[PDB]
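In the entry's author numbering, the protein residues as written are 833 to 1132. Ideal placement from N, C-alpha and C gives every residue a C-beta, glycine not left out. Since the structure comes first, as structure tokens, the remarks are kept for the end.
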Ligand SMILES: C[C@]12O[C@H](C[C@]1(O)CO)n1c3ccccc3c3c4c(c5c6ccccc6n2c5c31)CNC4=O
């Protein structure tokens, strides 16, 4: 009460934050490209700005937690927090981040196959694992690992990007039980996430296996996890029947197929991440080491 705590409201003043264009839609909000030009001389820094799509009291509270999460993270493979803009005369909140020119990893794989080979895919895989190791040290569960939520700075560097679903583990437990679910990326979910609403570092590892799958399909049409799972379930199915069949499929060892051209060793990593036994999944530290040893064990 007596003394409130707030980010520096003069760091990014709304009157110097110039809207350039929309960048995309993410968890609970949208992202725009702006220029922050306090010397109004057509210089300044380009930045990315996240804003809520539905500014309810609950969503604003969740957004504050998301902002605090990102601000607490400093890592080469996590998108950089820059600050907050208290816009609308300090009666609104927007998140300011660094601008990463190539957008989502999902879109980069589709648009820039000319400069992607397996060496680059393994490099991105390694970087993703290291960012996830770092999140683990803060007891953060990302909860939406997918190439749509990873960002590309340049052909040599990717960064985990969208923290809209991220949760902090309770102090006394190794999982977070979500008790108000909204829109769920079910084709990235671990089985215990589908059946018990339990999220953990190990469920992030499951989803990382789907990310690895995505990388090695090169976002080829018809190979995405939704398209492949729907092909296995039956493209006709609708509503909850889809979830029922997905759960039944995963519990009895149905899995995404090996992508064309994917080495058996990379597919085996995917398979080990996709273990119904939560405790037997590898750690992100195991995965970073194994992937970097594979990379290092090539000639050169
Ligand atoms: C919504 C989304 O818009 C596109 C990619 C994206 O993640 C959607 O796939 N998107 C871009 C498309 C083309 C160029 C740049 C971006 C971009 C950026 C960010 C984000 C970001 C941060 C937090 C949540 C979502 C974010 N996006 C971002 C984003 C953060 N910094 C960015 O440069």
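- In terms of CA proximity to residue 935, 879 leads the group 883, 897, 879 and 905.
- Considered as a whole, the stretch 1033-1073 harbours 1033-1049 and 1057-1065 as its complete alpha helix (DSSP H) runs of no fewer than 4 residues, in chain order.
- Taking the Cβ of residue 962 as the reference point, every heavy atom of ligand 1 lies at 7 Å or farther away.
- Around the C-beta of residue 974, 16 or more other C-beta atoms lie within 10 Å, and the residue is accordingly described as buried.
- In terms of Cβ geometry, residue 858 and residue 1036 do not form a close pair [threshold 8 Å].
- In this structure, residue 1043 sits away from residue 1120, with a CB-CB distance that is not shorter than 8 Å.
- At least one heavy atom of ligand 1 lies less than 7 Å from the C-beta of residue 931.
- By the 16-neighbour rule on beta-carbons within 10 angstroms, residue 962 is buried.
- Of the residues 1000, 1082 and 895, the one whose Cα lies closest to the Cα of residue 1105 is 1082.
- Residue range 849-858 is occupied by the beta strand (DSSP E) that includes residue 856, with no alpha helix (DSSP H) assigned at that position.
- Boundaries of the beta strand (DSSP E) harbouring residue 882: 877-884, taken from the DSSP string.
- Under DSSP, the beta-bridge partners assigned to residue 927 are 882 and 916.
- If you draw a straight line from the Cα of residue 999 to the Cα of residue 1080, it comes to about 27 Å.
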